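Colleague: One structure, pasted below without further comment.
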Amino acid sequence: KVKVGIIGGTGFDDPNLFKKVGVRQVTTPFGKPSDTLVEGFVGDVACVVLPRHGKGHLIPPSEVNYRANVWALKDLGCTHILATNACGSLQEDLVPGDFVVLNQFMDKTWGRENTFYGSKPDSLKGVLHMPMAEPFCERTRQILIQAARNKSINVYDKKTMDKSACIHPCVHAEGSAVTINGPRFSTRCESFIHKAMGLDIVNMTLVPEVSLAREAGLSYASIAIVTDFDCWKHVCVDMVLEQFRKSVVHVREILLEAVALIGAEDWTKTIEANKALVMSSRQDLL
Amino acid sequence: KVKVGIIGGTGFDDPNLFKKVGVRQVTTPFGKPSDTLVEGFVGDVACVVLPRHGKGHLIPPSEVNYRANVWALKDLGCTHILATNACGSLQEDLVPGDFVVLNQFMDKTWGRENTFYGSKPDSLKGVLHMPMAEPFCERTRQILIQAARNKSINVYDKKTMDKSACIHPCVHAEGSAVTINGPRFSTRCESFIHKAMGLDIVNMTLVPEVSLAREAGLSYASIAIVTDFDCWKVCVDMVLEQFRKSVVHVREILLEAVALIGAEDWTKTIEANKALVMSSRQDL
Amino acid sequence: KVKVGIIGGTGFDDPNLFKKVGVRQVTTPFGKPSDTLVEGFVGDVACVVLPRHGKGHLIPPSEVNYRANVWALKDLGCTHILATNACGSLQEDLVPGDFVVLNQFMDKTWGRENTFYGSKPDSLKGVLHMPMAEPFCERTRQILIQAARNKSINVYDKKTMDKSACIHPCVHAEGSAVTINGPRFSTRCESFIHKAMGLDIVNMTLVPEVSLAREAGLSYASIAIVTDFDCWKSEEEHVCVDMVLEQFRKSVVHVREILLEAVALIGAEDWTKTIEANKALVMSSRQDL
Ligand SMILES: CSC[C@H]1O[C@@H](n2cnc3c(N)ncnc32)[C@H](O)[C@@H]1O
Ligand SMILES: CSC[C@H]1O[C@@H](n2cnc3c(N)ncnc32)[C@H](O)[C@@H]1O
Ligand SMILES: CSC[C@H]1O[C@@H](n2cnc3c(N)ncnc32)[C@H](O)[C@@H]1O
């Protein structure tokens with residue numbers, strides 16, 4: 001049976017997705033998650049919410065315990081994780097107030113625990129080399145886009161639609177993220193180099209969250225909230241929080257509809273393949 | 001009033017900038033600085049100098065306590081930091097013996113403490129997300145450039161001048177650095193990749209020093225010394241003589257830059273520096 | 001005079017290279033190596049082999065003690081290190097089953113000890129800034145290439161041969177590697193970005209091994225084994241552990257043949273000046289002295 005975990009980032013401290021049924025404080029083999037987990041239901045579908053940066057946003061991106069957050073949701077029997085991520089746009093048609101259902105990323109983070117497996121005592125025994133060519137669960141990506149359509153939110157696909165058909169605010173049907181380590185924002189030089197590489201948005205939290213989700217055998221998809229233009233075009237904290245304020249109502253609608261849409265389908269084969277993928281990536285056993 | 005801290009890179013392990021008035025062996029919340037801080041004056045202007053690599057150049061770039069160095073200067077009441085940074089050139093017009101007053105960078109460092117704030121036990125409490133689009137203090141950059149002019153050094157600005165102004169040796173009035181972790185120098189493949197990205201010089205020490213200075217509310221500017229062509233493109237005695245001549249020039253730039261800083265009002269700039277820190281605290 | 005160390009990667013967790021003469025259980029000032037080191041002879045040349053990931057391949061690329069592996073081989077008197085490195089191809093002409101005698105790299109690793117020297121108690125006292133423009137030992141590179149020829153394996157030299165002269169499987173006489181930190185494989189986005197930078201292969205273990213060998217005054221060369229296309233070529237078999245191990249199975253005998261012949265070729269030459277130069281480069285790179 002399906003159970004959807006939700007990891008909320010900047011601006012999503014009041015998800016208001018369901019009346020809470022229960023509240024749970026857990027530990028994992030990798031430490032404590034960012035905060036208490038809040039439990040409830042969307043229809044018949046069990047749902048669990050946690051704030052990535054903890055209540056009060058005291059934890060910076062580089063210090064978030066991504067391993068504990070993902071493993072805590074796995075241990076509650078989540079089959080899916082939906083994530084929100086505030087980001088800066090590197091592209092003219094990705095405008096503050098738009099959303100992006102990411103399908104690609106380039107990793108520029110460092111110093112974070114990015115795998116559950118290793119040779120040290122605070123990791124699980126083994127060597128896990130996971131395929132990441134298409135790093136998200138494509139089924140769950142498409143459910144996020146379909147949820148946007150079902151809630152009458154514009155969807156823009158730059159492959160099949162002229163730029164003049166891009167009506168803001170819109171959900172972009174694809175996009176690539178560069179994940180930088182933070183906590184500072186990029187220089188103009190860095191922003192132009194990321195733009196020249198063809199990346200669409202920049203953010204501090206996607207990785208290693210997406211990677212650990214796949215290690216945990218979970219279907220993961222992110223909805224990126226464009227809160228600013230990165231400085232190739234000026235981003236600051238107050239600018240980001242103000243835009244997320246204007247966009248959070250849509251984030252809620254999409255996530256709410258997405259959970260219901262997940263629950264309406266059979267995931268048996270996908271889940272079995274998620275699990276089999278973890279086992280076939282163990283080099284120490286092969 | 002103003003007080004200018006100076007962080008001396010390679011070639012400045014024992015700077016003879018001013019008569020030593022006092023010395024300060026301090027400890028910061030983030031550990032010990034690279035060495036004792038030397039206090040004095042340039043005319044009327046208070047000044048503090050420390051060698052980034054310590055006496056004897058025993059501390060490699062990745063192990064320099066950038067947080068302690070910057071915070072120690074802040075605790076002494078510095079309003080500005082001037083820094084020197086030896087570098088390799090990535091471009092044909094940047095020649096050994098030239099200098100660069102950097103205005104941009106691309107960060108390839110890792111494993112260094114690059115922020116004063118966090119939830120970790122060895123940081124101050126808070127989440128600080130600093131804007132860094134133009135990461136230096138532009139007033140202080142122009143002062144280093146003017147100091148070079150005042151000491152009869154050629155200044156070349158490829159935005160406002162044609163190539164005829166690029167007469168060596170010259171101070172390049174803008175430039176972008178890639179900061180690598182070291183300690184090894186780049187491969188030819190790495191050098192060509194950085195060149196293709198349009199970067200001007202490569203160095204090991206600019207970041208996180210520039211980042212932490214802005215976190216500390218301080219105006220910061222770097223004068224980079226071109227010591228070599230990086231290996232995209234040489235007896236040691238000639239290299240050392242040329243570096244020696246470059247150090248004389250940089251010493252003159254720094255002393256003149258301190259006097260230039262002391263001659264202007266910085267009230268509003270300093271208030272803006274501090275306000276940028278406060279408005280960058282997301283946890284508040 | 002000469003003694004050749006060998007660091008075996010994937011496919012070499014049990015090297016099986018020569019008759020075991022001595023088994024060394026050692027420690028270094030930087031900790032324990034990945035496994036015991038096996039000493040013996042290839043023909044008349046002394047040789048030492050160790051598995052980079054240890055016997056069970058329980059040590060991931062990010063956690064290998066590169067410093068201890070290299071220093072341990074130095075302490076046993078090695079003058080040379082030959083390394084194998086499994087990799088994915090970023091280029092149409094580098095096909096699974098080919099090998100690459102690397103001559104360049106771009107480093108995207110982090111969090112690994114990459115130098116013997118520093119100011120902390122677990123390093124040697126000093127500051128070493130090594131030049132790395134051409135980061136391999138060129139004589140030892142050419143010996144790997146000659147060893148392929150002596151064993152009737154195709155050699156492809158893009159500088160002197162046309163694209164239609166590339167016959168697979170072949171040893172490529174040059175190539176650039178991007179070293180990523182792992183353990184995950186690259187995304188499609190990352191793979192196309194590395195390809196656009198002109199890199200030839202992607203791998204997780206070359207760096208800092210190559211850098212520390214030069215710091216130790218040793219001649220180092222890597223033979224990269226193309227086990228997959230990296231995921232830019234989606235119309236091919238997508239990279240995974242199982243595919244890598246399967247291709248390595250089909251290639252390992254030829255890798256051993258090149259290694260064993262290269263060891264013999266190294267012993268057949270004089271290295272007095274090259275070793276003196278390796279050592280002098282270390283001393284002239286000390287910036288505390
Ligand atoms: C509160 S502003 C910083 C937070 O917003 C995100 N963010 C928004 N815009 C950007 C940007 N232009 N670059 C990087 N991260 C950004 C980051 O992931 C971070 O957690
Ligand atoms: C004492 S030599 C090492 C110093 O040289 C500087 N440097 C000079 N040239 C280069 C270069 N081409 N690449 C990197 N760093 C360099 C680095 O910042 C380092 O502190
Ligand atoms: C078992 S597959 C992963 C191992 O082989 C190497 N390898 C093979 N293919 C790749 C690839 N496409 N990218 C990165 N490393 C690879 C890595 O260095 C690692 O030790």
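Naming scheme: A, B, ... for chains in displayed order of the structure tokens; residues 1 onward per chain; ligands 1 onward as shown.
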Would you mind listing the residues within 8 Å of ligand 2, counting only C-alpha atoms and all ligand atoms, as a VMD selection string?
Modeller: (chain B and resid 9 to 10 57 60 to 61 85 to 89 179 to 180 182 to 186 201 to 206 226 to 231) or (chain C and resid 129 287)
Colleague: Using N, CA and C atoms, can you export the residues from the last selection as a PDB file, in the first residue's frame?
Modeller:
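Once written, selection11.pdb looks like this:
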ATOM      1  N   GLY B   9      49.735  37.318   1.710  1.00  0.00           N
ATOM      2  CA  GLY B   9      49.915  35.986   1.164  1.00  0.00           C
ATOM      3  C   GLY B   9      51.370  35.635   0.963  1.00  0.00           C
ATOM      4  N   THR B  10      51.619  34.782  -0.030  1.00  0.00           N
ATOM      5  CA  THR B  10      52.987  34.418  -0.368  1.00  0.00           C
ATOM      6  C   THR B  10      53.796  35.681  -0.642  1.00  0.00           C
ATOM      7  N   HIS B  57      55.701  29.974   6.481  1.00  0.00           N
ATOM      8  CA  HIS B  57      54.820  29.441   5.445  1.00  0.00           C
ATOM      9  C   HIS B  57      54.548  27.952   5.660  1.00  0.00           C
ATOM     10  N   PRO B  60      49.307  25.218   4.743  1.00  0.00           N
ATOM     11  CA  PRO B  60      48.899  25.196   3.331  1.00  0.00           C
ATOM     12  C   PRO B  60      47.538  25.846   3.140  1.00  0.00           C
ATOM     13  N   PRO B  61      47.193  26.217   1.898  1.00  0.00           N
ATOM     14  CA  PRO B  61      45.925  26.938   1.655  1.00  0.00           C
ATOM     15  C   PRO B  61      44.685  26.285   2.260  1.00  0.00           C
ATOM     16  N   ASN B  85      47.245  37.860  -2.954  1.00  0.00           N
ATOM     17  CA  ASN B  85      47.046  36.466  -3.356  1.00  0.00           C
ATOM     18  C   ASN B  85      47.887  36.171  -4.589  1.00  0.00           C
ATOM     19  N   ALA B  86      48.867  35.286  -4.467  1.00  0.00           N
ATOM     20  CA  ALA B  86      49.675  34.916  -5.629  1.00  0.00           C
ATOM     21  C   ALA B  86      48.896  33.960  -6.532  1.00  0.00           C
ATOM     22  N   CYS B  87      49.092  34.084  -7.849  1.00  0.00           N
ATOM     23  CA  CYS B  87      48.207  33.379  -8.770  1.00  0.00           C
ATOM     24  C   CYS B  87      48.922  33.035 -10.070  1.00  0.00           C
ATOM     25  N   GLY B  88      48.284  32.153 -10.836  1.00  0.00           N
ATOM     26  CA  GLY B  88      48.709  31.835 -12.184  1.00  0.00           C
ATOM     27  C   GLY B  88      47.745  32.465 -13.172  1.00  0.00           C
ATOM     28  N   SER B  89      48.271  32.882 -14.320  1.00  0.00           N
ATOM     29  CA  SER B  89      47.434  33.452 -15.364  1.00  0.00           C
ATOM     30  C   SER B  89      46.841  32.378 -16.266  1.00  0.00           C
ATOM     31  N   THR B 179      39.222  29.599  -7.636  1.00  0.00           N
ATOM     32  CA  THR B 179      39.927  29.190  -6.425  1.00  0.00           C
ATOM     33  C   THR B 179      39.878  27.674  -6.331  1.00  0.00           C
ATOM     34  N   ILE B 180      41.047  27.040  -6.385  1.00  0.00           N
ATOM     35  CA  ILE B 180      41.164  25.590  -6.281  1.00  0.00           C
ATOM     36  C   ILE B 180      41.683  25.250  -4.890  1.00  0.00           C
ATOM     37  N   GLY B 182      44.021  23.039  -3.902  1.00  0.00           N
ATOM     38  CA  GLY B 182      45.425  22.684  -3.733  1.00  0.00           C
ATOM     39  C   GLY B 182      45.562  21.420  -2.896  1.00  0.00           C
ATOM     40  N   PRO B 183      46.787  21.110  -2.429  1.00  0.00           N
ATOM     41  CA  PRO B 183      47.987  21.923  -2.642  1.00  0.00           C
ATOM     42  C   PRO B 183      48.605  21.780  -4.035  1.00  0.00           C
ATOM     43  N   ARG B 184      48.194  20.778  -4.805  1.00  0.00           N
ATOM     44  CA  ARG B 184      48.813  20.573  -6.111  1.00  0.00           C
ATOM     45  C   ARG B 184      48.366  21.657  -7.083  1.00  0.00           C
ATOM     46  N   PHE B 185      49.222  21.947  -8.062  1.00  0.00           N
ATOM     47  CA  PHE B 185      48.800  22.841  -9.128  1.00  0.00           C
ATOM     48  C   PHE B 185      47.931  22.082 -10.133  1.00  0.00           C
ATOM     49  N   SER B 186      47.323  22.836 -11.049  1.00  0.00           N
ATOM     50  CA  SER B 186      46.355  22.272 -11.982  1.00  0.00           C
ATOM     51  C   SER B 186      47.027  21.404 -13.032  1.00  0.00           C
ATOM     52  N   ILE B 201      42.475  34.087 -13.799  1.00  0.00           N
ATOM     53  CA  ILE B 201      43.588  33.606 -12.992  1.00  0.00           C
ATOM     54  C   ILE B 201      43.121  32.440 -12.125  1.00  0.00           C
ATOM     55  N   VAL B 202      44.091  31.681 -11.610  1.00  0.00           N
ATOM     56  CA  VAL B 202      43.836  30.551 -10.718  1.00  0.00           C
ATOM     57  C   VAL B 202      44.653  30.758  -9.447  1.00  0.00           C
ATOM     58  N   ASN B 203      44.040  30.470  -8.297  1.00  0.00           N
ATOM     59  CA  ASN B 203      44.667  30.716  -7.002  1.00  0.00           C
ATOM     60  C   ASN B 203      44.046  29.758  -5.985  1.00  0.00           C
ATOM     61  N   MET B 204      44.660  29.668  -4.800  1.00  0.00           N
ATOM     62  CA  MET B 204      44.253  28.695  -3.795  1.00  0.00           C
ATOM     63  C   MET B 204      43.682  29.287  -2.510  1.00  0.00           C
ATOM     64  N   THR B 205      43.633  30.621  -2.356  1.00  0.00           N
ATOM     65  CA  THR B 205      43.410  31.239  -1.048  1.00  0.00           C
ATOM     66  C   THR B 205      42.334  32.329  -1.004  1.00  0.00           C
ATOM     67  N   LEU B 206      41.782  32.762  -2.144  1.00  0.00           N
ATOM     68  CA  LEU B 206      40.796  33.850  -2.134  1.00  0.00           C
ATOM     69  C   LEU B 206      39.541  33.449  -1.366  1.00  0.00           C
ATOM     70  N   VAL B 226      50.377  38.125 -10.330  1.00  0.00           N
ATOM     71  CA  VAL B 226      50.575  37.089 -11.339  1.00  0.00           C
ATOM     72  C   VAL B 226      52.013  36.591 -11.220  1.00  0.00           C
ATOM     73  N   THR B 227      52.175  35.347 -10.775  1.00  0.00           N
ATOM     74  CA  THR B 227      53.500  34.757 -10.601  1.00  0.00           C
ATOM     75  C   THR B 227      53.897  33.850 -11.759  1.00  0.00           C
ATOM     76  N   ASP B 228      52.928  33.295 -12.475  1.00  0.00           N
ATOM     77  CA  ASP B 228      53.235  32.333 -13.518  1.00  0.00           C
ATOM     78  C   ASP B 228      52.092  32.324 -14.518  1.00  0.00           C
ATOM     79  N   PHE B 229      52.390  31.838 -15.714  1.00  0.00           N
ATOM     80  CA  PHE B 229      51.349  31.346 -16.601  1.00  0.00           C
ATOM     81  C   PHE B 229      50.953  29.958 -16.119  1.00  0.00           C
ATOM     82  N   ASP B 230      49.665  29.750 -15.874  1.00  0.00           N
ATOM     83  CA  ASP B 230      49.209  28.401 -15.584  1.00  0.00           C
ATOM     84  C   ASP B 230      49.484  27.508 -16.797  1.00  0.00           C
ATOM     85  N   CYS B 231      49.378  26.197 -16.593  1.00  0.00           N
ATOM     86  CA  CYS B 231      50.007  25.260 -17.520  1.00  0.00           C
ATOM     87  C   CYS B 231      49.243  25.042 -18.826  1.00  0.00           C
TER      88      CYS B 231
ATOM     89  N   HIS C 129      53.740  21.854  -2.875  1.00  0.00           N
ATOM     90  CA  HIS C 129      52.923  22.302  -4.006  1.00  0.00           C
ATOM     91  C   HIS C 129      53.500  21.683  -5.283  1.00  0.00           C
ATOM     92  N   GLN C 287      57.492  24.415  -0.042  1.00  0.00           N
ATOM     93  CA  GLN C 287      57.402  25.861   0.068  1.00  0.00           C
ATOM     94  C   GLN C 287      57.531  26.357   1.498  1.00  0.00           C
TER      95      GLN C 287
END
Colleague: Dump as a ChimeraX atom specification the residues of chain C that approach chain B to within 7 Å, counting only C-alpha atoms.
Modeller: /C:104-106,110-111,118-119,126-135,197,287-288
Colleague: Write a file of the just-selected residues containing C-alpha atoms, as a PDB file, in the first residue's frame.
Modeller:
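So again_31.pdb came out as:
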ATOM      1  CA  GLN C 104      45.272  13.955 -18.259  1.00  0.00           C
ATOM      2  CA  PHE C 105      42.540  14.415 -15.667  1.00  0.00           C
ATOM      3  CA  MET C 106      40.024  16.829 -14.178  1.00  0.00           C
ATOM      4  CA  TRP C 110      36.240  16.024  -2.298  1.00  0.00           C
ATOM      5  CA  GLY C 111      36.703  14.851   1.269  1.00  0.00           C
ATOM      6  CA  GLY C 118      50.542  19.758   6.093  1.00  0.00           C
ATOM      7  CA  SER C 119      50.349  21.382   9.506  1.00  0.00           C
ATOM      8  CA  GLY C 126      55.799  20.891   5.475  1.00  0.00           C
ATOM      9  CA  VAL C 127      53.911  22.399   2.508  1.00  0.00           C
ATOM     10  CA  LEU C 128      54.247  20.612  -0.842  1.00  0.00           C
ATOM     11  CA  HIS C 129      52.923  22.302  -4.006  1.00  0.00           C
ATOM     12  CA  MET C 130      53.553  19.809  -6.815  1.00  0.00           C
ATOM     13  CA  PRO C 131      53.391  20.745 -10.513  1.00  0.00           C
ATOM     14  CA  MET C 132      50.848  18.532 -12.251  1.00  0.00           C
ATOM     15  CA  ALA C 133      50.584  19.894 -15.832  1.00  0.00           C
ATOM     16  CA  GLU C 134      51.332  16.420 -17.229  1.00  0.00           C
ATOM     17  CA  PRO C 135      50.525  14.402 -14.118  1.00  0.00           C
ATOM     18  CA  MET C 197      34.306  19.837 -21.599  1.00  0.00           C
ATOM     19  CA  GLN C 287      57.402  25.861   0.068  1.00  0.00           C
ATOM     20  CA  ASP C 288      58.045  25.838   3.806  1.00  0.00           C
TER      21      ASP C 288
END
Colleague: Tell me the residues of chain A close to chain C, meaning within 9 Å using only C-alpha atoms, as JSON, numbers by chain.
Modeller: {"A": [104, 105, 106, 107, 110, 111, 114, 115, 117, 118, 119, 120, 125, 126, 127, 128, 129, 130, 131, 132, 133, 134, 135, 176, 197, 198, 199, 211, 280, 281, 282, 283, 284, 285, 286]}
Colleague: Okay, now the selection with N, CA and C atoms, as a tab-separated table (two decimals), in the first residue's frame?
Modeller:
chain	number	residue	atom	x	y	z
A	104	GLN	N	16.46	16.61	-14.09
A	104	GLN	CA	17.91	16.46	-14.18
A	104	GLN	C	18.58	17.33	-13.11
A	105	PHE	N	19.83	17.01	-12.77
A	105	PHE	CA	20.63	17.88	-11.91
A	105	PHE	C	22.12	17.72	-12.19
A	106	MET	N	22.86	18.77	-11.83
A	106	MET	CA	24.31	18.74	-11.69
A	106	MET	C	24.70	19.07	-10.25
A	107	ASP	N	25.56	18.24	-9.67
A	107	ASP	CA	25.87	18.31	-8.25
A	107	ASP	C	27.15	19.11	-8.03
A	110	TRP	N	29.28	19.30	-1.43
A	110	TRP	CA	30.40	18.58	-0.85
A	110	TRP	C	30.22	18.59	0.66
A	111	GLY	N	30.89	17.65	1.32
A	111	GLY	CA	30.92	17.60	2.75
A	111	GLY	C	29.65	17.08	3.39
A	114	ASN	N	26.09	11.62	1.75
A	114	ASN	CA	25.26	11.46	0.56
A	114	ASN	C	24.95	10.00	0.25
A	115	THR	N	25.32	9.07	1.13
A	115	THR	CA	25.01	7.67	0.92
A	115	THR	C	24.82	7.00	2.27
A	117	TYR	N	25.62	3.86	2.74
A	117	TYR	CA	26.49	2.69	2.73
A	117	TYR	C	27.95	3.09	2.74
A	118	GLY	N	28.78	2.29	3.41
A	118	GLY	CA	30.21	2.55	3.41
A	118	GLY	C	30.95	1.59	4.32
A	119	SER	N	32.21	1.93	4.61
A	119	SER	CA	33.05	1.09	5.46
A	119	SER	C	33.21	1.62	6.88
A	120	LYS	N	32.69	2.80	7.18
A	120	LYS	CA	32.80	3.41	8.50
A	120	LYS	C	31.63	2.99	9.40
A	125	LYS	N	26.85	-1.44	6.20
A	125	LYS	CA	27.93	-2.18	5.56
A	125	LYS	C	27.63	-2.40	4.08
A	126	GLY	N	28.60	-2.08	3.22
A	126	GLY	CA	28.47	-2.37	1.80
A	126	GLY	C	28.93	-1.23	0.91
A	127	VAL	N	29.02	-1.48	-0.39
A	127	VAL	CA	29.37	-0.48	-1.39
A	127	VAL	C	28.23	-0.43	-2.40
A	128	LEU	N	27.53	0.69	-2.44
A	128	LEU	CA	26.33	0.85	-3.27
A	128	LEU	C	26.61	1.88	-4.37
A	129	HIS	N	26.62	1.42	-5.62
A	129	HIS	CA	26.80	2.28	-6.80
A	129	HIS	C	25.48	2.32	-7.57
A	130	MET	N	24.67	3.39	-7.35
A	130	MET	CA	23.30	3.48	-7.88
A	130	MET	C	23.29	4.19	-9.22
A	131	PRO	N	22.61	3.63	-10.23
A	131	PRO	CA	22.38	4.38	-11.46
A	131	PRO	C	21.57	5.64	-11.18
A	132	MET	N	21.95	6.72	-11.85
A	132	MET	CA	21.30	8.01	-11.64
A	132	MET	C	21.09	8.77	-12.94
A	133	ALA	N	21.17	8.08	-14.10
A	133	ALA	CA	21.02	8.75	-15.39
A	133	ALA	C	19.78	9.64	-15.41
A	134	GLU	N	18.64	9.07	-15.05
A	134	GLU	CA	17.39	9.81	-14.84
A	134	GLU	C	17.08	9.71	-13.36
A	135	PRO	N	17.48	10.70	-12.55
A	135	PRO	CA	17.58	10.50	-11.10
A	135	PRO	C	16.26	10.52	-10.33
A	176	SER	N	16.51	21.24	-15.31
A	176	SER	CA	17.72	20.79	-14.65
A	176	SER	C	18.16	21.78	-13.59
A	197	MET	N	26.40	26.28	-19.10
A	197	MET	CA	26.33	24.82	-19.10
A	197	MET	C	24.94	24.29	-19.44
A	198	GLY	N	23.93	25.16	-19.55
A	198	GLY	CA	22.58	24.76	-19.90
A	198	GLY	C	21.67	24.44	-18.72
A	199	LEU	N	22.05	24.79	-17.50
A	199	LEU	CA	21.22	24.50	-16.34
A	199	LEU	C	20.08	25.52	-16.24
A	211	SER	N	19.22	11.56	-4.13
A	211	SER	CA	20.04	10.36	-4.27
A	211	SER	C	19.70	9.35	-3.17
A	280	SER	N	20.73	-4.75	-6.66
A	280	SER	CA	21.64	-5.02	-7.78
A	280	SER	C	22.77	-4.00	-7.88
A	281	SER	N	22.74	-2.93	-7.09
A	281	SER	CA	23.82	-1.94	-7.05
A	281	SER	C	24.84	-2.21	-5.95
A	282	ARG	N	24.70	-3.30	-5.20
A	282	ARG	CA	25.65	-3.66	-4.13
A	282	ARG	C	26.84	-4.40	-4.74
A	283	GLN	N	27.95	-3.69	-4.95
A	283	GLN	CA	29.12	-4.33	-5.54
A	283	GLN	C	29.73	-5.36	-4.60
A	284	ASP	N	29.70	-5.09	-3.29
A	284	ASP	CA	30.27	-6.02	-2.32
A	284	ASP	C	29.57	-7.37	-2.31
A	285	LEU	N	28.32	-7.46	-2.77
A	285	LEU	CA	27.63	-8.74	-2.84
A	285	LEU	C	27.78	-9.43	-4.19
A	286	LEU	N	28.02	-8.66	-5.25
A	286	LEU	CA	28.16	-9.21	-6.60
A	286	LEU	C	29.60	-9.61	-6.87
Colleague: Please report, as CSV, each residue of chain A lying at most 7 Å from chain B, together with the nearest pair of atoms and the separation in Å rounded to one decimal; use only C-alpha atoms, and order rows by chain and ascending residue number.
Modeller:
residue,atom,partner,partner_atom,distance
A:56,CA,B:283,CA,6.2
A:57,CA,B:283,CA,5.6
A:58,CA,B:283,CA,5.5
A:59,CA,B:119,CA,5.5
A:60,CA,B:127,CA,5.7
A:110,CA,B:110,CA,6.6
A:111,CA,B:111,CA,6.6
A:183,CA,B:129,CA,5.3
A:184,CA,B:130,CA,4.9
A:185,CA,B:131,CA,5.4
A:186,CA,B:132,CA,5.9
A:187,CA,B:133,CA,4.1
A:188,CA,B:133,CA,4.7
A:189,CA,B:104,CA,6.0
A:190,CA,B:106,CA,5.4
A:193,CA,B:197,CA,6.8
A:231,CA,B:133,CA,5.8
A:235,CA,B:131,CA,6.8
A:236,CA,B:131,CA,5.9
A:237,CA,B:280,CA,5.8
Colleague: Restricting it to C-alpha atoms, dump the selection as a compact mmCIF listing (two decimals), in the first residue's frame.
Modeller:
# COMPACT_ATOMS: atom_id res chain seq x y z
CA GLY A 56 12.30 28.01 12.71
CA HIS A 57 14.62 27.20 9.77
CA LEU A 58 17.64 26.95 12.06
CA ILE A 59 19.47 24.28 9.99
CA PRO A 60 21.35 25.48 6.85
CA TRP A 110 30.40 18.58 -0.85
CA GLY A 111 30.92 17.60 2.75
CA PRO A 183 25.14 29.01 2.44
CA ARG A 184 26.19 31.99 0.27
CA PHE A 185 24.50 32.70 -3.02
CA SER A 186 26.42 32.49 -6.30
CA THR A 187 28.68 35.15 -7.73
CA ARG A 188 27.73 36.64 -11.10
CA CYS A 189 30.65 34.69 -12.58
CA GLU A 190 29.32 31.38 -11.21
CA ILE A 193 28.96 29.66 -15.98
CA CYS A 231 22.17 37.09 -10.26
CA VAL A 235 18.49 37.52 -4.96
CA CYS A 236 18.42 37.81 -1.17
CA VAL A 237 16.57 36.17 1.73
Colleague: Tell me which protein, DNA and RNA residues are within 9 Å of residue A:253, counting only C-alpha atoms, leaving out same-chain ones fewer than 2 positions away, and put them as a VMD selection string.
Modeller: chain A and resid 17 147 to 148 151 248 to 251 255 to 258
Colleague: Got a sec: who's within 10 Å of residue B:216, counting only C-alpha atoms, leaving out chain neighbours fewer than 3 positions off, as number ranges by chain?
Modeller: B: 67, 70-71, 73-75, 79, 115-116, 211-213, 219, 273-274, 277
Colleague: Can you list, as number ranges by chain, every residue of stretch 33-238 of chain A that DSSP puts in helix (DSSP H, G or I)?
Modeller: A: 61-63, 66-75, 138-150, 163-165, 188-196, 206-215, 237-238
Colleague: For each of C:199, C:90, C:223, C:124, take the minimum atom-to-atom distance to ligand 3, counting only C-alpha atoms and all ligand atoms, then give the residue where this is smallest.
Modeller: C:90
Colleague: Select, from C:220, C:18, C:117, C:248, the residue with the minimum atom-to-atom distance to ligand 3, counting only C-alpha atoms and all ligand atoms.
Modeller: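 So, comparing all the options, the nearest one is C:248.
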Colleague: Please identify which residues in stretch 65-188 of chain A DSSP calls strand (DSSP E) from the backbone, and express them as a PyMOL selection string.
Modeller: chain A and resi 80-89+99-101+104-108+117-118+124-125+154-156+170-172+176-180
Colleague: Would you mind listing what lies within 6 Å of stretch 73-86 of chain C as a list in words, with only C-alpha atoms counted and same-chain residues fewer than 5 positions away left out?
Modeller: residues 2, 3, 4, 5, 6, 7, 8, 9, 218, 219, 220, 221, 222, 223, 224 and 225 of chain C
